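Take a look at the structure below.
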There are 2 protein chains.
Amino acid sequence: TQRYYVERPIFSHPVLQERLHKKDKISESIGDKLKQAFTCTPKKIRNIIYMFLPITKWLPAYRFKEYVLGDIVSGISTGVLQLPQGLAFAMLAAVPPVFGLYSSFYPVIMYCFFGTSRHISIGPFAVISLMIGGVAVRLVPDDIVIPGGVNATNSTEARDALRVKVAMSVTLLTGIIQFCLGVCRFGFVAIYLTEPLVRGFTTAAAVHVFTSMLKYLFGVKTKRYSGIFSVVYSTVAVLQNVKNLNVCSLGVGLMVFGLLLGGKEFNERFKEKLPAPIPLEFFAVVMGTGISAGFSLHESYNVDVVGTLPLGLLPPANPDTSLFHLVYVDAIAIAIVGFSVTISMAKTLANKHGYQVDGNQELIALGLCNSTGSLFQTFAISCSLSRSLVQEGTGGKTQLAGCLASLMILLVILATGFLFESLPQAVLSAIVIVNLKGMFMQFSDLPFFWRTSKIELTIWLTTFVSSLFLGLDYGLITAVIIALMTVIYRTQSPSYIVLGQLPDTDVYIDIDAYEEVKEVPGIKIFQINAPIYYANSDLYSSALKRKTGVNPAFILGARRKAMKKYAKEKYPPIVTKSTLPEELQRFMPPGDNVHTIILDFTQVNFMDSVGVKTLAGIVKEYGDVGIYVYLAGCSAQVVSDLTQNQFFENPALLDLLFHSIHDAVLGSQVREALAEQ
Amino acid sequence: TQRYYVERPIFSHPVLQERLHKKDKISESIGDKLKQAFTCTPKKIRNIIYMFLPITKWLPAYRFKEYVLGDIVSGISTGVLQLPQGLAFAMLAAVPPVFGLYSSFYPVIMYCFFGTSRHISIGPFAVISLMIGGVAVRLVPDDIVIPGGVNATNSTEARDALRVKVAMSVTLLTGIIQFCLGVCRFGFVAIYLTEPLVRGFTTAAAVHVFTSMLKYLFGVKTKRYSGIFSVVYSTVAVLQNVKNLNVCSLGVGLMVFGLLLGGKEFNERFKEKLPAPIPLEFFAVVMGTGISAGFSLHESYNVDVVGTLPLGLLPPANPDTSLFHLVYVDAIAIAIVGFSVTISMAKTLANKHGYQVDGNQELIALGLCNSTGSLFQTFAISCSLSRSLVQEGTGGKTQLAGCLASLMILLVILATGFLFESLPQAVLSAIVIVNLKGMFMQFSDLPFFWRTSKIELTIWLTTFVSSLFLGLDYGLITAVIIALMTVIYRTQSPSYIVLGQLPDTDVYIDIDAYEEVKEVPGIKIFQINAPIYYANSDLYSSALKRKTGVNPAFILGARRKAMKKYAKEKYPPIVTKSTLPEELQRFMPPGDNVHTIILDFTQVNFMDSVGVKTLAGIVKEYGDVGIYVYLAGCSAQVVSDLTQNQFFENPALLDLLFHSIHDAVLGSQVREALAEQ
Ligand SMILES: O=C(O)c1ccccc1O
Ligand SMILES: O=C(O)c1ccccc1O
């Protein structure tokens, strides 16, 4: 009453059409828009040199008073977590532990130059290292001994050198693939990664890492299973060898879990003014090695040790570009998996801080990091999750924290490093699992998605299962394709609702859920909140016939039955509706006198040939019975998809469309009134 | 002016909500609806016995006066086409030619009992026979000779017996798979077969059949290539052996092409009163064998001959159920391909004749036909296209035409059959290719789809290429998945249009295409005709910022720049909008004074967590700038997906939704007026 007064003529498709005229729509430089491109203006080249290389954006516009201290503390904490994590994922890749430090040094600084993100700790990610180890073991199995000229002892250095070479080759291929896709504007694919998809995939990866590193801390040595059901085989191999373990390895492993627990207690025990957000991992690892040395558990009970760490920067060496023909498949796998994880982490942290990250630029930077690392004896690299979260939470606000972490790792790899010699894998195990703590707390997504929407739970659980029992490349591909199939499903089980009319107004709402929307007499309105295409075409027609209670086949059957029982003694010059071929008797079953069916197309986004054909069949059938059909809510896309197909041959069909549900209702009533003459 | 007078109060989501109340919605027998099921009423059991076995629907309700003659003529024509086609596809499957007659006899009558369709000629389909031949050759290669005790000559009968056994095994597995899927209500999958998908897939199959049977009529013998790029290898093998051909084989092959051409001329030459729609194939094959015998081309130039046809019905024999472990993959392939083709043909012919066919019931019937045929030495069976089209066009109106064709084939296989002994493969080649004529004319879909819609052309061409260069199982799977990906694409490139307002009315149309829809001042309206979900979330936000000309990031940047240049001398107690933190100067760039952004959700079918998050970000950003955001066109699904996620924490957010674009516009104007106090 207060507002919303319109009082306009009924806009049938023809009426509204003549009350409009088309604009020129003349585009500028049709076909070849590139003439306005290829300009040498300083601004465009400046933007190009910014976007292909974003280091020139930070150093000029770099605040010093507050960014520096946060960068220092974040860099210290990140490097602290980088060291044992790098060593652990190095030995998880069946390579000498030093290459973990190599991986923690070179790609980090190169990404700091080329990466587009402010909270990411580039480094040796667990799953990428696990794939590297899988291929390295597969091509160089432990029972293949290449006889040299020495024959001194059963030296493993030849095997490890071959493993390093094959790792270098596969990582070069991953870098080349990532660079090619990045320059091919392939970073748009980073959008088919839903939040539950990434959550479940990374959680499954956490389970994989947990089981493998669990094999490590027990002191038991078993075969490195890989492929489908890899985690099952690995964990049953560990359980089959729960016996003959190393008791002191568990002693120190639970002891360093104990120092983490006493670290949470240490936050309440020893802190007055000095302790910063201390990287408890450094004190944990130092205490572990010191306590192990003092208690004499290695020399008395033979705990496994990280091993000799050859000091010195190794010179660059061109890798053998001849293993590609038998490593390319899982090189593709590693590239895709690493890019997906790092871009998801970057996007997730880009919402907390307001800025944005360029996906394909991230692809280019990560690929160049991997390639040049391959040149410098470095296995494959992406964004780890625990380290990146630690760097963000500590307070770093520029990639200089990563640069400082790389500086610390360089200091470890060049000057010092003798102290980390006598270090047990149990400490590394605890470091990794504690880093897995939050990633495992991430199962809280299941009840929340169960309450919120079960399709998101379906994507989450499917991603979890496919990335747990199958591999992780195959799990990722299956999870993405299921994600797209779930979107498809959501258009094949829509909300078929029959619309009533709110009294005295033009608002139309579901009839059988509000008890105040008594439907207009003589009219049935059917609405689908989904596009009408091939995969949802016959479902729509069947639902229309079933739900409205108006079945043309049943009506014709009843009509011929009643007629049988009664007798006991222009170029398309076709009217779309047929009259009633009845003598107006009462033998037929008295149902309703519905005379028009108003299909709602306000929610129908698009149509195709099959949908056009099925509406043609619907209109033809209801016209044969004697029931008009009006398509309400005509849009540009719907009428375009109806005109392109030979639907609007216009016997009268252009007069059926209406621009609103109320427009169709009023048109039907006006036509009925004009028929009562 | 004439109609459409409403004059209602502005229905914001809170206002509309209180003017409604929910109905009870109490469902009947929640959870366990099966208590009302499992009833023994005669009607339900009658419908069950009808639906699992539809032979009891025709014989009772069978008109005799007009159906009989059409059934006779259609059955004669169909059996005529069945004989040479069956023999040709038998020898195309690397089996003795009699099994073509076996395949044309048993499954036809069994489908006549169990099938649900009135225009289908069940029989030895070309592609299914080609897959059968591929597996039979693969498991029994031509260079594997099993030495018996005879050693008389290089007898091929042992090889052919092994080929028959392996064909029987794979066909039993296909029948079992089809029956299991049919009883598992898997016939719903028959809806992911778009018209262009089937058209292109069958056209590619026609190309495959053309090339293979082309190998046949040249009289040249080459290796039967199979796998990926199978057609390329086969045709280059034929071209490599164009030399050393059989000249008389081409003579008779082009001669019977000549008799087909003279048959089109014969329609105008010899027809006064007697000739029915004659099955020209019978006269063609009889004339071919008679002319070849009279002209003495075999005995003088050694043309290839069909071979001895052992007369007599062979007794049933249980097939070896031990090859399954190495035939199951392409048994699955054959089952899926055959079911897809036959269901597409049935659905296509079910629209020309008004009735309907049950997909999963077709699966059950076809599977039982294949299984029992496997019991009776019969290779795999589905619906051929040329024969089915011939049967429909001739005039048959019940599956009794197929039964009559089976009777004719039985007469050929039992009483007669000696006449078909001296028959050349060239006649069979011409029969098959002429049957391919229309299937090749089916390329007319390309320009038509180019004019109509290029997504349907994309599905057509992708299906063609994937089913031509790759295999046909792999081609079908790839084509279907691309079909679903095209549906996905259609929601990632929607029509982002800014809406103006038709003067004096409430109709909102695209602003920059009609020159009469001058937009309401101070308001920008943005509309997407697509759901807002993960795969189309950031595209929507970027398009909203870019297309409306309102960028919050640019506005904040300009605001801080102007401020810098100026200085030359409840539990969520947050207001969603922030006021203007400006001293009202002129240094900032004077653009537009847009104060609200009305997003259109009438076309948005659904949402998820990512879409809810991105609208939250949009609202928060524009509120920080000082611009209101109103979601127009609230629907049940959209508000449900907004309430389930923690979007409606209601600081004031429940007041932003509106039920129509005009409602949002009037609400914005009223609020602005109330602000000018
Ligand atoms: O860095 C890890 O150890 C890790 C591994 C898999 C998943 C998430 C992670 O943080
Ligand atoms: O019957 C055939 O030969 C045929 C083969 C492939 C595709 C369509 C067909 O009609």
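Letters for chains follow the order of the structure tokens (A, B, ...), residue numbers begin at 1 for each chain, and ligand numbers begin at 1 in the order shown.
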Exercise for review: Kindly work out which residues sit at most 9 Å from ligand 1, using only C-alpha atoms and all ligand atoms, and give the list as number ranges by chain.
Suggested key: A: 85, 89, 124-127, 201-210, 383-389, 431-440
Should the cut-off be 8 Å, what would the residue list for chain A against chain B look like, counting only C-alpha atoms, as a CSV table (one decimal) with N, CA, C and O atoms, in the first residue's frame?
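Written output follows (iface-v4.csv):
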chain,number,residue,atom,x,y,z
A,1,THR,N,0.8,-1.2,0.0
A,1,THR,CA,0.0,0.0,0.0
A,1,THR,C,0.9,1.3,0.0
A,1,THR,O,0.6,2.2,-0.7
A,2,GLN,N,2.0,1.2,0.8
A,2,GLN,CA,2.8,2.4,0.9
A,2,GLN,C,3.6,2.7,-0.4
A,2,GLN,O,3.8,3.9,-0.7
A,3,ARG,N,4.0,1.7,-1.1
A,3,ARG,CA,4.8,1.9,-2.3
A,3,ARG,C,4.4,0.8,-3.3
A,3,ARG,O,3.3,0.2,-3.3
A,4,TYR,N,5.3,0.7,-4.4
A,4,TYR,CA,5.2,-0.4,-5.4
A,4,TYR,C,3.8,-0.3,-6.2
A,4,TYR,O,3.0,-1.1,-6.1
A,5,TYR,N,3.7,0.9,-6.9
A,5,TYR,CA,2.5,1.1,-7.7
A,5,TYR,C,3.0,1.2,-9.2
A,5,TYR,O,3.8,2.1,-9.5
A,6,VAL,N,2.6,0.3,-10.0
A,6,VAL,CA,3.1,0.2,-11.4
A,6,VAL,C,2.1,0.5,-12.4
A,6,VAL,O,2.2,1.4,-13.2
A,7,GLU,N,1.0,-0.4,-12.5
A,7,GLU,CA,-0.1,-0.2,-13.4
A,7,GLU,C,0.3,0.0,-14.8
A,7,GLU,O,0.3,1.1,-15.4
A,8,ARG,N,0.9,-1.1,-15.4
A,8,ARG,CA,1.4,-1.1,-16.7
A,8,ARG,C,0.6,-2.1,-17.6
A,8,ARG,O,-0.1,-3.0,-17.1
A,9,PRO,N,0.7,-2.0,-18.9
A,9,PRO,CA,0.0,-2.9,-19.8
A,9,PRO,C,0.6,-4.3,-19.8
A,9,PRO,O,1.8,-4.5,-19.4
A,10,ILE,N,-0.2,-5.4,-20.0
A,10,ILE,CA,0.4,-6.8,-20.0
A,10,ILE,C,1.5,-6.9,-21.0
A,10,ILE,O,1.2,-6.8,-22.2
A,20,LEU,N,10.2,-1.7,-27.4
A,20,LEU,CA,11.7,-1.6,-27.4
A,20,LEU,C,12.3,-1.6,-28.8
A,20,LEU,O,11.6,-2.1,-29.7
A,21,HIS,N,13.5,-1.0,-28.9
A,21,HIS,CA,14.2,-1.1,-30.1
A,21,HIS,C,15.7,-1.4,-29.7
A,21,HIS,O,16.2,-1.0,-28.7
A,22,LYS,N,16.4,-2.1,-30.6
A,22,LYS,CA,17.8,-2.6,-30.4
A,22,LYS,C,18.7,-1.4,-30.6
A,22,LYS,O,18.6,-0.6,-31.5
A,23,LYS,N,19.8,-1.4,-29.7
A,23,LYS,CA,20.9,-0.4,-29.9
A,23,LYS,C,21.8,-1.0,-31.0
A,23,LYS,O,21.7,-2.1,-31.4
A,24,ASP,N,22.8,-0.1,-31.4
A,24,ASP,CA,23.6,-0.5,-32.5
A,24,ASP,C,24.5,-1.7,-32.2
A,24,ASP,O,24.7,-2.5,-33.0
A,25,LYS,N,25.0,-1.7,-30.9
A,25,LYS,CA,25.8,-2.8,-30.4
A,25,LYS,C,27.1,-3.0,-31.2
A,25,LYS,O,27.8,-4.0,-31.2
A,191,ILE,N,40.9,-22.9,-10.0
A,191,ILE,CA,39.6,-22.6,-9.5
A,191,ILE,C,38.7,-23.8,-9.3
A,191,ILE,O,37.7,-23.7,-8.6
A,192,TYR,N,39.0,-24.9,-9.9
A,192,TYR,CA,38.3,-26.2,-9.7
A,192,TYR,C,38.8,-26.9,-8.5
A,192,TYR,O,39.1,-28.1,-8.5
A,193,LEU,N,39.0,-26.1,-7.4
A,193,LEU,CA,39.5,-26.7,-6.1
A,193,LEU,C,38.6,-26.1,-5.0
A,193,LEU,O,39.0,-25.1,-4.4
A,194,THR,N,37.5,-26.8,-4.7
A,194,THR,CA,36.6,-26.3,-3.7
A,194,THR,C,37.3,-26.4,-2.3
A,194,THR,O,38.2,-27.1,-2.2
A,195,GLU,N,36.7,-25.6,-1.4
A,195,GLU,CA,37.3,-25.7,0.0
A,195,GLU,C,37.2,-27.1,0.5
A,195,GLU,O,38.3,-27.6,0.9
A,451,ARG,N,25.7,-30.7,8.8
A,451,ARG,CA,24.7,-29.8,9.1
A,451,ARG,C,24.4,-28.8,8.0
A,451,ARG,O,23.2,-28.6,7.7
A,452,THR,N,25.4,-28.3,7.3
A,452,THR,CA,25.3,-27.3,6.3
A,452,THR,C,24.7,-27.8,5.0
A,452,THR,O,23.6,-27.4,4.6
A,453,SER,N,25.4,-28.7,4.4
A,453,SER,CA,24.9,-29.2,3.0
A,453,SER,C,25.7,-30.5,2.7
A,453,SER,O,26.9,-30.5,2.8
A,456,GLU,N,28.5,-30.8,-0.1
A,456,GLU,CA,29.8,-30.5,0.3
A,456,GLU,C,30.4,-31.6,1.1
A,456,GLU,O,31.6,-31.8,1.1
A,484,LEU,N,32.7,-31.9,-10.2
A,484,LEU,CA,32.0,-31.4,-11.3
A,484,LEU,C,30.7,-32.2,-11.5
A,484,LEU,O,29.7,-31.7,-11.9
A,485,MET,N,30.8,-33.5,-11.2
A,485,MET,CA,29.6,-34.4,-11.3
A,485,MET,C,28.6,-34.0,-10.2
A,485,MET,O,27.4,-34.1,-10.4
A,487,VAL,N,28.1,-30.9,-9.2
A,487,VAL,CA,27.4,-29.7,-9.8
A,487,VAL,C,26.4,-30.2,-10.8
A,487,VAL,O,25.3,-29.6,-10.9
A,488,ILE,N,26.7,-31.2,-11.5
A,488,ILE,CA,25.8,-31.8,-12.5
A,488,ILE,C,24.5,-32.3,-11.8
A,488,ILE,O,23.4,-32.1,-12.2
A,504,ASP,N,-4.3,-10.6,-3.4
A,504,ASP,CA,-4.2,-9.2,-3.7
A,504,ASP,C,-2.9,-8.6,-4.1
A,504,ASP,O,-2.7,-7.4,-4.3
A,505,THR,N,-1.9,-9.5,-4.4
A,505,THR,CA,-0.6,-9.1,-4.8
A,505,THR,C,-0.1,-9.9,-6.0
A,505,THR,O,-0.9,-10.7,-6.6
A,506,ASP,N,1.1,-9.7,-6.4
A,506,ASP,CA,1.7,-10.4,-7.5
A,506,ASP,C,2.8,-11.3,-7.1
A,506,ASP,O,3.6,-11.7,-8.0
A,512,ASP,N,1.9,-25.5,-1.3
A,512,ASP,CA,1.6,-26.4,-0.3
A,512,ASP,C,2.6,-26.3,0.9
A,512,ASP,O,2.9,-27.4,1.5
A,513,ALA,N,3.0,-25.1,1.2
A,513,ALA,CA,3.9,-24.9,2.3
A,513,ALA,C,3.6,-23.7,3.1
A,513,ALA,O,4.4,-23.4,4.1
A,514,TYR,N,2.6,-22.9,2.8
A,514,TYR,CA,2.4,-21.6,3.4
A,514,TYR,C,1.0,-21.3,3.8
A,514,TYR,O,0.7,-20.3,4.5
A,515,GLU,N,0.0,-22.1,3.3
A,515,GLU,CA,-1.4,-22.1,3.7
A,515,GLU,C,-2.1,-20.7,3.6
A,515,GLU,O,-3.2,-20.6,4.0
A,516,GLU,N,-1.4,-19.8,3.0
A,516,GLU,CA,-2.0,-18.5,2.7
A,516,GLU,C,-1.9,-18.1,1.2
A,516,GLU,O,-2.2,-17.0,0.9
A,529,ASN,N,13.8,-24.7,-10.7
A,529,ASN,CA,15.0,-23.9,-10.4
A,529,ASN,C,16.2,-24.5,-11.0
A,529,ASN,O,17.2,-24.7,-10.3
A,530,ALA,N,16.2,-24.8,-12.3
A,530,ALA,CA,17.3,-25.5,-12.9
A,530,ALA,C,17.2,-25.3,-14.4
A,530,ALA,O,16.1,-25.1,-15.0
A,534,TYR,N,19.7,-31.5,-21.9
A,534,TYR,CA,19.5,-32.9,-22.2
A,534,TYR,C,19.5,-33.8,-20.9
A,534,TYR,O,18.7,-34.7,-20.8
A,535,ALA,N,20.4,-33.5,-19.9
A,535,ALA,CA,20.4,-34.4,-18.8
A,535,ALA,C,19.3,-34.1,-17.8
A,535,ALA,O,19.0,-35.0,-17.0
A,602,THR,N,11.7,-18.0,-15.1
A,602,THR,CA,12.6,-17.1,-14.4
A,602,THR,C,13.8,-17.7,-13.9
A,602,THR,O,14.9,-17.1,-14.0
A,603,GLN,N,13.8,-18.9,-13.4
A,603,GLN,CA,14.9,-19.6,-12.9
A,603,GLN,C,15.7,-20.4,-13.9
A,603,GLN,O,16.8,-20.9,-13.6
A,604,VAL,N,15.1,-20.6,-15.1
A,604,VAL,CA,15.8,-21.4,-16.1
A,604,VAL,C,16.9,-20.6,-16.8
A,604,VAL,O,16.6,-19.6,-17.5
A,605,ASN,N,18.1,-20.9,-16.5
A,605,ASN,CA,19.2,-20.1,-17.0
A,605,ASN,C,19.5,-20.3,-18.5
A,605,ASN,O,19.6,-19.3,-19.3
A,608,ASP,N,18.9,-26.0,-24.6
A,608,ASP,CA,19.6,-26.5,-25.8
A,608,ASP,C,18.6,-27.2,-26.7
A,608,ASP,O,17.4,-27.1,-26.5
A,610,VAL,N,17.7,-30.4,-27.0
A,610,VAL,CA,16.8,-31.4,-26.4
A,610,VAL,C,15.8,-30.7,-25.5
A,610,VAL,O,14.6,-31.1,-25.6
A,644,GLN,N,16.9,-19.8,-31.8
A,644,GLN,CA,18.0,-20.4,-32.6
A,644,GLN,C,17.5,-21.8,-33.1
A,644,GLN,O,17.6,-22.1,-34.3
A,645,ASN,N,17.0,-22.6,-32.2
A,645,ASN,CA,16.3,-23.8,-32.6
A,645,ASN,C,14.9,-23.4,-33.3
A,645,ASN,O,14.4,-22.4,-33.0
A,662,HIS,N,2.8,-13.2,-12.9
A,662,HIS,CA,1.5,-12.4,-12.8
A,662,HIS,C,1.1,-11.9,-14.2
A,662,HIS,O,-0.1,-11.9,-14.5
A,663,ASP,N,2.0,-11.6,-15.1
A,663,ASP,CA,1.7,-11.3,-16.5
A,663,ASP,C,1.0,-12.4,-17.2
A,663,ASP,O,-0.1,-12.3,-17.8
A,666,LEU,N,-2.6,-12.9,-15.6
A,666,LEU,CA,-3.6,-11.9,-16.0
A,666,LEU,C,-3.9,-12.1,-17.5
A,666,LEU,O,-5.0,-11.9,-17.9
Exercise for review: Do a neighbour search on residue 428 (chain B) at 9 Å with only C-alpha atoms, toss out local chain neighbours closer than 6 positions, and write the hits as a PyMOL selection string.
Suggested key: chain B and resi 84-85+87-88+213+217+253+285
Output the selection as a short mmCIF file (atom, residue, chain, number, x, y, z; two decimals), in the first residue's frame - N, CA and C atoms for each residue.
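The file below, part-v8.cif, is the result:
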data_model
loop_
_atom_site.label_atom_id
_atom_site.label_comp_id
_atom_site.auth_asym_id
_atom_site.auth_seq_id
_atom_site.Cartn_x
_atom_site.Cartn_y
_atom_site.Cartn_z
N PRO B 84 22.03 -60.92 -45.31
CA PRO B 84 23.40 -60.57 -45.71
C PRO B 84 24.11 -59.72 -44.67
N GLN B 85 23.37 -58.86 -43.97
CA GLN B 85 23.96 -58.06 -42.91
C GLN B 85 24.48 -58.94 -41.79
N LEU B 87 25.42 -62.15 -42.06
CA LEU B 87 26.61 -62.85 -42.54
C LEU B 87 27.83 -61.94 -42.57
N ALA B 88 27.65 -60.70 -43.05
CA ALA B 88 28.77 -59.77 -43.15
C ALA B 88 29.34 -59.45 -41.77
N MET B 213 34.97 -52.89 -43.84
CA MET B 213 34.33 -53.63 -44.90
C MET B 213 34.94 -53.25 -46.25
N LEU B 217 36.03 -55.80 -49.40
CA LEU B 217 35.62 -56.00 -50.79
C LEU B 217 36.79 -55.96 -51.77
N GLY B 253 31.56 -56.06 -57.03
CA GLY B 253 31.18 -55.08 -56.01
C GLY B 253 30.61 -53.81 -56.61
N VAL B 285 21.27 -59.37 -53.95
CA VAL B 285 22.15 -60.48 -53.61
C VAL B 285 21.92 -61.67 -54.53
#
Exercise for review: Would you list, as a PyMOL selection string, the residues of region 412-656 of chain A that end up in helix (DSSP H, G or I) under DSSP run on this structure's backbone?
Suggested key: chain A and resi 412-414+425-452+454-468+473-489+511-513+538-547+552-566+609-625+636-644+653-655
What would the file look like if the residues just selected were written as a compact mmCIF listing (two decimals), in the first residue's frame with C-alpha atoms?
# COMPACT_ATOMS: atom_id res chain seq x y z
CA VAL A 412 73.40 -24.50 8.59
CA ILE A 413 74.53 -26.01 5.27
CA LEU A 414 77.83 -24.10 5.02
CA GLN A 425 64.84 -39.98 13.24
CA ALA A 426 62.50 -40.12 16.25
CA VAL A 427 62.93 -36.38 16.84
CA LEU A 428 62.11 -35.77 13.17
CA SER A 429 59.09 -38.05 13.51
CA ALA A 430 57.70 -36.04 16.41
CA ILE A 431 58.38 -32.77 14.57
CA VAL A 432 56.42 -33.99 11.54
CA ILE A 433 53.50 -35.42 13.54
CA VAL A 434 53.18 -32.30 15.71
CA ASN A 435 53.13 -30.36 12.44
CA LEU A 436 50.32 -32.75 11.44
CA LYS A 437 48.33 -31.93 14.59
CA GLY A 438 46.20 -29.13 13.14
CA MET A 439 45.91 -30.85 9.77
CA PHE A 440 44.34 -33.76 11.68
CA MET A 441 42.12 -31.43 13.73
CA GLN A 442 40.78 -30.48 10.29
CA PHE A 443 38.35 -33.43 10.47
CA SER A 444 35.93 -30.99 12.15
CA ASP A 445 34.69 -30.21 8.62
CA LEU A 446 32.59 -33.40 8.60
CA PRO A 447 29.84 -32.61 11.17
CA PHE A 448 29.79 -28.98 10.04
CA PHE A 449 29.23 -29.97 6.40
CA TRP A 450 26.69 -32.57 7.54
CA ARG A 451 24.66 -29.78 9.15
CA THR A 452 25.28 -27.27 6.35
CA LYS A 454 25.46 -32.83 2.26
CA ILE A 455 26.80 -32.22 -1.26
CA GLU A 456 29.82 -30.48 0.27
CA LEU A 457 30.12 -33.43 2.66
CA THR A 458 29.92 -35.76 -0.35
CA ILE A 459 32.76 -33.93 -2.10
CA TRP A 460 34.76 -33.92 1.15
CA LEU A 461 34.36 -37.65 1.83
CA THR A 462 34.86 -38.66 -1.81
CA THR A 463 38.06 -36.62 -1.95
CA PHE A 464 39.21 -38.17 1.34
CA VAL A 465 38.58 -41.76 0.23
CA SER A 466 39.94 -41.31 -3.31
CA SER A 467 43.10 -39.60 -2.02
CA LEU A 468 43.56 -42.13 0.80
CA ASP A 473 47.43 -37.92 -8.34
CA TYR A 474 44.57 -40.31 -9.11
CA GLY A 475 42.81 -39.18 -5.95
CA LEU A 476 43.06 -35.54 -7.01
CA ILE A 477 41.77 -36.24 -10.53
CA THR A 478 38.88 -38.36 -9.23
CA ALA A 479 38.01 -35.76 -6.58
CA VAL A 480 37.88 -32.92 -9.11
CA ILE A 481 35.76 -34.91 -11.57
CA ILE A 482 33.37 -35.92 -8.75
CA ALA A 483 33.21 -32.19 -7.77
CA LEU A 484 31.99 -31.39 -11.29
CA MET A 485 29.61 -34.37 -11.28
CA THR A 486 28.09 -33.06 -7.99
CA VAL A 487 27.41 -29.74 -9.75
CA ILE A 488 25.76 -31.78 -12.50
CA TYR A 489 23.67 -33.73 -9.99
CA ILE A 511 1.32 -23.57 -2.77
CA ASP A 512 1.56 -26.43 -0.26
CA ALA A 513 3.91 -24.95 2.35
CA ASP A 538 12.53 -35.93 -19.41
CA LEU A 539 12.69 -35.57 -15.63
CA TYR A 540 11.20 -32.10 -16.05
CA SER A 541 8.38 -33.26 -18.34
CA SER A 542 7.54 -36.24 -16.13
CA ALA A 543 7.57 -34.04 -13.02
CA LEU A 544 5.35 -31.48 -14.76
CA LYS A 545 2.77 -34.11 -15.69
CA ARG A 546 2.93 -35.86 -12.30
CA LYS A 547 3.10 -32.95 -9.85
CA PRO A 552 -2.39 -35.42 -21.21
CA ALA A 553 -1.99 -39.17 -21.80
CA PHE A 554 -4.38 -39.98 -18.95
CA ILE A 555 -6.81 -37.34 -20.22
CA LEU A 556 -6.86 -38.75 -23.75
CA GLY A 557 -7.26 -42.26 -22.36
CA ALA A 558 -10.20 -41.19 -20.20
CA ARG A 559 -11.70 -39.29 -23.14
CA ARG A 560 -11.60 -42.28 -25.49
CA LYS A 561 -12.86 -44.53 -22.68
CA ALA A 562 -15.82 -42.22 -22.02
CA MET A 563 -16.58 -41.94 -25.74
CA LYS A 564 -16.47 -45.74 -26.07
CA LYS A 565 -18.75 -46.26 -23.06
CA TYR A 566 -21.12 -43.55 -24.31
CA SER A 609 18.18 -28.59 -28.65
CA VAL A 610 16.84 -31.35 -26.39
CA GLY A 611 15.17 -28.89 -24.03
CA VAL A 612 13.64 -26.98 -26.94
CA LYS A 613 12.32 -30.27 -28.32
CA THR A 614 10.81 -31.29 -24.98
CA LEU A 615 9.02 -27.95 -24.52
CA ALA A 616 7.75 -28.36 -28.08
CA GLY A 617 6.38 -31.77 -27.10
CA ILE A 618 4.85 -30.39 -23.90
CA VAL A 619 3.12 -27.51 -25.70
CA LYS A 620 1.92 -29.80 -28.49
CA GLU A 621 0.52 -32.40 -26.08
CA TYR A 622 -1.32 -29.92 -23.85
CA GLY A 623 -2.60 -28.16 -26.97
CA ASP A 624 -3.95 -31.44 -28.32
CA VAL A 625 -5.79 -31.95 -25.03
CA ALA A 636 17.37 -12.96 -23.32
CA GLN A 637 19.17 -16.30 -23.08
CA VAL A 638 15.98 -18.38 -22.99
CA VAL A 639 14.39 -16.64 -25.97
CA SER A 640 17.72 -16.81 -27.82
CA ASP A 641 17.94 -20.58 -27.29
CA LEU A 642 14.29 -20.87 -28.35
CA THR A 643 14.70 -18.77 -31.50
CA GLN A 644 17.96 -20.41 -32.63
CA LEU A 653 3.97 -19.49 -30.56
CA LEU A 654 5.51 -16.03 -30.15
CA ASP A 655 2.33 -15.01 -28.30
**Study point:** CA of residue 343 (chain B) to CA of residue 362 (chain B), straight-line distance in Å
**Key:** 7.2 Å
Point to revise | Atom-to-atom span, CA of residue 280 (chain B) and CA of residue 345 (chain B), Å | key: 23.6 Å
